[PDB]
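One structure is given below, encoded as structure tokens.
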């Protein structure tokens, strides 16, 4: 603090409506954990299954292009 | 976070090229099948 400028630095800071903030920060923790879990699920489902399923079977058709039966 | 979209756009372009080639092969096979069936029907008809 000094007469022209005032600045206070804090490692962890939030509006202290109560003497504790764990009950408020737990909501953010739940949101972050849920977003991470859903993002992992979405990435896995969108990529791993789908791309492998598309790449599963393509050569049995390419090998028979010139067939006349 | 800025490279995943490059990966997906490249994958989409490759898929488009794949379906183009597969469509060409499919059209060739369809024409061959129609010709073979018509020839078989005509040959069966003539033998009687």
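Chains as they are written, first to last, in the entry's author numbering: chain e, 71 to 139; chain g, 242 to 289. Ideal Cβ placement from N, Cα and C applies to all residues, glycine included.
- Inclusion of residue 127/e and residue 277/g in the CB contact set at 7 Å is not warranted, their separation being larger than that value.
- When DSSP states are grouped into helix, strand and coil, residue 114/e belongs to the helix group.
- The way I'd put it, the stretch 279-289 of chain g doesn't touch the stretch 252-270 of chain g; fewer than three beta-carbon pairs between them come closer than 8 Å.
- Close partners of residue 269/g in chain e (Cβ separation under 7 Å): 135.
- With respect to the 7 Å criterion, residue 275/g and residue 135/e are not classified as neighbours on the basis of their beta carbons.
- When secondary structure is reduced to three states using DSSP, residue 91/e falls in the coil class, being assigned neither helix nor strand.
- At a C-beta separation below 9 Å, residue 122/e has no neighbours in chain g, since its nearest C-beta there lies roughly 13 Å away.
- Put simply, the CB of residue 138/e is near chain g, with a gap under 7 Å to one of its CB atoms.
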